[PDB]
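> Under PDB author numbering, read the sequence shown as residues 233 to 274, 279 to 502, first letter to last.
C-beta: ideal position from N, C-alpha, C; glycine also.
Just dropping this structure here.
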Amino acid sequence: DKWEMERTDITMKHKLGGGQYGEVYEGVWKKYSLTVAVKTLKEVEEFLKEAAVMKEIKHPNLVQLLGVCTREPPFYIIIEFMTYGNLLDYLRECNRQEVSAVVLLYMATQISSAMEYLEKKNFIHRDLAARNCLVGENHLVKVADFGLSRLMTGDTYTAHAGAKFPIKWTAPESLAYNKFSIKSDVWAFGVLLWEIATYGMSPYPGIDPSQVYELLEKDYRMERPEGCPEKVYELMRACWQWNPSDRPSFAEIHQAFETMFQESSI
Ligand SMILES: CCn1nccc1-c1c[nH]c2ncc(-c3ccc(N)c(C(=O)N(C)C)c3)cc12
Numbered sequence: 233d234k235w236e237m238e239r240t241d242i243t244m245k246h247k248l249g250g251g252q253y254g255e256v257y258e259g260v261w262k263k264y265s266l267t268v269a270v271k272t273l274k279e280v281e282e283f284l285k286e287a288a289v290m291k292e293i294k295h296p297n298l299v300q301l302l303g304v305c306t307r308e309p310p311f312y313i314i315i316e317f318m319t320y321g322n323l324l325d326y327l328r329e330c331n332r333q334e335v336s337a338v339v340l341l342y343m344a345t346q347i348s349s350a351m352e353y354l355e356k357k358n359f360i361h362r363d364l365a366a367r368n369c370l371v372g373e374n375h376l377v378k379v380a381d382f383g384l385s386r387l388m389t390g391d392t393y394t395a396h397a398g399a400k401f402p403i404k405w406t407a408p409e410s411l412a413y414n415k416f417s418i419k420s421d422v423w424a425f426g427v428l429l430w431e432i433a434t435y436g437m438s439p440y441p442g443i444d445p446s447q448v449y450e451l452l453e454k455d456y457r458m459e460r461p462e463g464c465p466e467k468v469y470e471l472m473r474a475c476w477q478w479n480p481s482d483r484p485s486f487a488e489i490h491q492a493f494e495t496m497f498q499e500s501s502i
């Protein structure tokens, strides 16, 4: 297809993100003198399905695919490079006078827009967190999208036996029954909002992941962050409803943040 390109078009550089994303490298697309990111493979079929799914997604707030090398090993997935790294590091290291409350709303609006798109297009993310959001110039935020999966909105995924989850971002039904859906993404988005409001604090601070589920069962939820508007905290708490069906849609979340962002600018 039009996505296929030569490996020789790319000059490979160093591993990006301190190697936290696995085999993702900085690279140069020589034709365009352009810094790109490249995912390589050091299981093959799973990797090739990733490349296939990314061909289908197009949204200003999801990392854009640029090309693939899928004819012969080693395989490449070539994607745009996000200059300011991940949102977690960005928020932790930022000038808070620049990255103010209205900017926090802007970033939340961008992420919910990408998620509304996936919701509409029958996709599920399954690993939403600040570490998996990426930052460009002028507070542009794009959701990392290697592992996106096809799943009709409403339908459920059951994880493989012995699967390990990032517990503090993981919905109760996922933790107990390995069940994932667009509503578990909504839960994770709530934890992401908490990350944003606190400028990259670790969720449930001081609480060992092994004790999180039992807290959630007894109706414990994280406290409202300092300086966080109650209307935003209300959305967080709605995302953390025990029953997946009680949680709002990403369409509703995005509408809420759009309204709030527009009012904050005015
Ligand atoms: C498909 C989306 N995705 N999934 C995993 C990785 C990416 C990704 C795509 N494009 C990227 N562009 C940049 C980065 C990234 C993240 C954190 C970092 N500390 C750095 C970094 O070292 N510098 C030079 C800023 C780079 C990650 C990605």
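Which residues bound the beta strand (DSSP E) around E352?
Counting from 1 along the sequence shown, the entry for residue 352 is found at position 116. Where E352 is concerned, there is no enclosing beta strand (DSSP E), although the alpha helix (DSSP H) it sits in stretches over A337 to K356.
> Name the two residues that bound the continuous beta strand (DSSP E) containing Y257.
The sequence position of residue 257 within the sequence shown is 25, counting from 1. From DSSP, the beta strand (DSSP E) with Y257 extends over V256 to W261.
> Alpha carbon to alpha carbon, what distance is there between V448 and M318?
Counting from 1 along the sequence shown, the entry for residue 318 is found at position 82. Counting from 1 along the sequence shown, the entry for residue 448 is found at position 212. If you take the alpha carbons of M318 and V448, they lie about 33 Å apart.
> State the DSSP-derived secondary structure class of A487, mapped to helix, strand or coil.
To locate residue 487, count along the sequence shown from 1; it is residue 251. If DSSP states are grouped into helix, strand and coil, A487 belongs with the helices.
> Check whether the Cβ of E431 lies closer than 7 Å to any heavy atom of ligand 1, and answer yes or no.
The sequence position of residue 431 within the sequence shown is 195, counting from 1. False, no ligand heavy atom lies under 7 Å from that Cβ.
> What are the boundary residues of the alpha helix (DSSP H) that includes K467?
As a working mapping, residue 467 is identified with position 231 in the sequence shown. From DSSP, the alpha helix (DSSP H) with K467 extends over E466 to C475.
> According to DSSP, simplified to helix, strand and coil, what is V268?
In the sequence shown, the residue the question calls residue 268 occupies position 36. If DSSP states are grouped into helix, strand and coil, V268 belongs with the strands.
> For a quick check, are the C-beta atoms of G254 and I242 less than 8 Å apart?
For the purposes of this step, residue 254 is identified with residue 22 of the sequence shown, where counting begins at 1. For the purposes of this step, residue 242 is identified with residue 10 of the sequence shown, where counting begins at 1. The answer is no: Cβ separation not under 8 Å.
> First and last residue of the beta strand (DSSP E) that includes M244?
The residue labelled residue 244 in the question sits at position 12 within the sequence shown. Element bounds for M244: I242 to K247.
> Note the first and the last residue of the continuous beta strand (DSSP E) segment covering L370.
Taking the first residue of the sequence shown as 1, we reach residue 370 at position 134. Unbroken beta strand (DSSP E) run through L370: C369 to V371.
> Per the contact definition of three or more C-beta pairs closer than 8 Å, is the segment 448-459 in contact with the segment 320-330?
Because the criterion of three Cβ pairs below 8 Å is not met, the segment 320-330 and the segment 448-459 do not touch.
> Using three-state DSSP, classify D421 as helix, strand or coil.
Numbered from 1 along the sequence shown, position 185 holds the residue referred to as residue 421. Looking at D421 - three-state DSSP - the assignment turns out to be helix.
> From the DSSP output, in three-state form, read off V304 for me.
In the sequence shown, counting from the first residue as 1, residue 304 sits at position 68. If DSSP states are grouped into helix, strand and coil, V304 belongs with the strands.
> Taking the CB atoms as reference points, tell me whether residue 278 and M290 lie closer together than 8 Å.
Between 274 and 279, the chain has no modelled residues, which means residue 278 does not appear in the coordinates.
> Short check: CB of residue 277 to CB of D363, under 8 Å?
Coordinates for residue 277 are absent, as the chain skips straight from 274 to 279.
> Pull up the DSSP beta-bridge partners for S385, would you.
Here residue 385 corresponds to residue number 149 of the sequence shown, with the count starting at 1. Beta-bridge pairing links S385 to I360.
> From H375 to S265, what distance separates their C-alpha atoms?
The sequence position of residue 375 within the sequence shown is 139, counting from 1. The sequence position of residue 265 within the sequence shown is 33, counting from 1. Roughly 24 Å separates the two Cα atoms.
> Of the choices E282, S417, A365 and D421, whose alpha-carbon is the least far from that of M343?
Your numbering for residue 343 matches position 107 in the sequence shown. Checked all of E282, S417, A365 and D421; the closest Cα to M343 is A365.
> For the beta strand (DSSP E) holding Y312, just list the boundary residues, first then last.
Translated into the one-based positions of the sequence shown, residue 312 becomes position 76. Where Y312 is concerned, the enclosing beta strand (DSSP E) stretches over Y312 to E316.
> If I measure Cβ to Cβ from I432 and keep anything under 8 Å in the same chain, skipping five residues before and after, which residues do I get?
Residue mapping note: residue 432 aligns to position 196 of the sequence shown, counting from 1. Correct list, in chain order: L323, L327, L340, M343, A344 and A366.
> Could you tell me the alpha carbon to alpha carbon distance between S410 and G250, rounded to whole angstroms?
Position 174 of the sequence shown, counted from the start, is the residue given in the question as residue 410. Position 18 of the sequence shown, counted from the start, is the residue given in the question as residue 250. Using only the alpha carbons, I get a separation of about 29 Å.
> When you measure from the CB of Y320 to every non-hydrogen atom of ligand 1, does any distance come out below 7 Å?
Mapped onto the sequence shown, residue 320 falls at position 84. Yes, ligand 1 has a heavy atom inside 7 Å of this Cβ.
> Inspect the CB distances between the segment 393-400 and the segment 328-336 and report whether three or more fall short of 8 Å.
Judged by Cβ distances under 8 Å, the segment 393-400 makes no contact with the segment 328-336, as fewer than three pairs qualify.
> By Cβ distance, which residues of its chain are closer than 8 Å to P445, with the 5 residues on each side in sequence left out?
Counting from one through the sequence shown, the residue named residue 445 turns up at place 209. Correct list, in chain order: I403 and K404.
> Run the CB neighbour count on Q346, radius 10 Å, all protein chains shown included, and call it buried at 16 or more, exposed below.
Counting from 1 along the sequence shown, the entry for residue 346 is found at position 110. It counts as buried.
> Count the other CB atoms, across all protein chains shown, that sit within 10 Å of the CB of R307; report buried if there are 16 or more and exposed otherwise.
Working through the sequence shown from its first residue, we reach residue 307 at position 71. Classification of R307: exposed, given that the 10 Å Cβ count is below 16.
> Which stretch, first to last residue, makes up the beta strand (DSSP E) that contains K285?
Within the sequence shown, numbered from 1, the residue matching residue 285 stands at position 49. It is not in any beta strand (DSSP E) - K285 instead sits in the alpha helix (DSSP H) that spans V280 to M290.
> Taking 8 Å as the cut-off, decide whether the C-beta atoms of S348 and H490 are in contact.
Residue mapping note: residue 348 aligns to position 112 of the sequence shown, counting from 1. Residue mapping note: residue 490 aligns to position 254 of the sequence shown, counting from 1. Contact: yes.
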